[PDB]
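Next up: a single chain in structure tokens, the form deposited in one PDB entry.
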């Protein structure tokens, strides 16, 4: 098995589409291996640009096709370069732009911690024909930066493993294990924008739904409650596009449900206060003085639901 030394330089990461859980990676890949010696004009290495590598591959030069496992379709490969040496070593440099998909878990949407994963693998040659010796990733352009809403922390973790494929077991009996390179970049989401745009007004409206009971009239308090519920409906569609449809509830959705439940609890308390008048002449004092105990109970509810 020929040994290939890979080096990935991550130029930038952007386009983090949290809806489809794909992110765009732009960068360069430098694969390097050693082959049989060849005659090169002069005592200098020979550089072969793009759309000129095809003549060398047609003549019979062994250039492996390294694909990305977790890419969406095909990467938009820009330029490629093949640098050949007289002693036998080959260096294949290429530039890639790819849409990569990783399993993202948005259980804590604003304070999220994800990792961007690049999985690289030979498409044809298995570990008995191609072995990845080492990979070192130079993510120095975005080592400690803020790309769009994500802080990149530290360096990029690298791993080299062997993947056994069962769909190639019927066509290749024993030799179906492929050498795979995994590159993980840990990123934390910047929670500032959601903190001052999607959490603070929701807290203000929750406190307003707390304050609806300070009136002394039933029907005007009801129209107040319904205008508040229309405002919670307004944030229902103001905050719908920022996240996909997940079975669990994040903090934003928990606060939206908290607003709905607070308005419904207010309406039920008003109705029971109207029903509490046994003869229609007795007023309400204790059930109308819940303007301070309901904030305490709802603060306890929020403290449970956030953690």
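Residue numbers count along the first chain shown, from 1. Superpose the two forms; the largest set of C-alphas matching within 1.5 Å is the rigid core.
Beyond the structure shown, there is the form deposited in another entry, which is absent from this document and is the topic of what follows.
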property: C-alpha displacement of 2 Å or more between the shown form and the other one on the rigid core, among 144, 161, 192, 74; result: 144
property: Core-superposed C-alpha of residue 170 shifting 2 Å or more between the shown form and the other one; result: yes
property: Core-superposed C-alpha of residue 247 shifting 2 Å or more between the shown form and the other one; result: yes
property: Inter-Cα distance between residue 144 and residue 194 in that other deposited form, nearer or further [3 Å or more]; result: closer
property: Direction of Cα pair change residue 147-residue 192 in that other deposited form, magnitude 3 angstroms or more; result: closer
